[PDB]
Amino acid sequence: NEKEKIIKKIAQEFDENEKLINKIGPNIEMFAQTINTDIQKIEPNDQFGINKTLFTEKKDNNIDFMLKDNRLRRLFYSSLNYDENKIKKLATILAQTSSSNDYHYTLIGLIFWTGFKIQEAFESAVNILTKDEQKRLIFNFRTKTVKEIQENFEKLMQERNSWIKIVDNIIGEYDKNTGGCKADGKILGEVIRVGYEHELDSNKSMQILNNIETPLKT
């Protein structure tokens, strides 16, 4: 009954893994469907204002990636739950920022970058955690690993939500007219830089992803 002992433990690990997975499984299925629905959307011809008429080509690499690639623009739109009004409003707000040293272009770029990188990490995690993979986790992994993965997934969900809140706060400065930024594109750039540049962080997302990926290659 070394056998009986091991069998009881295995049955308990299946039971507890399943509860951990059941916490994220319904969500992942919804997110996968939502992602597919966003991918199928027709982008408007104006690209919600994220085009070369409003953001000059060749000022920032991350701006240029957005101007050039509709799939990176789709990621950025999905990073904001494809809220069209919000996307258009942000784009309008950004296209009127200004500065002396052109740094506003770097800030614009890091905003676009942060959004498409967070959504890319999020969608990769969603795409990796298929039903088959979830079943693989339940039946073949120690409960400690399954817990780390489930909680790292919830962490990634939160990163994404904190990113949305940053954008909401940036729009909020403009709506409040902080420092009279509505009338001055330089004031607006500085409002956004000082309030929010340090807040931008797609590195954390991508590390959380890597920590979900590395146990899975087992």
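When you see a residue number, it is the position in the sequence shown, counting from 1.
On average the C-alpha atoms of 185-193 have higher B-factors than those of the other stretch, with 36-44 and 185-193 being the two compared. When 64-72 is weighed against 176-184, 176-184 comes out higher, by mean CA B-factor as recorded in the entry.
When the C-alpha B-factors of 81, 143, 92, 119 are read from the PDB record, the largest value belongs to 143.
Based on the entry's C-alpha B-factors, the most elevated value among 99, 85, 127, 114 belongs to 99. In this PDB entry, the Cα temperature factor of residue 168 sits in the bottom third of its chain's modelled residues, the lowest group. The entry lists a Cα temperature factor for residue 139 that places it in the middle third of the chain's modelled residues. Among all modelled residues in its chain, residue 103 ranks in the highest third by Cα B-factor.
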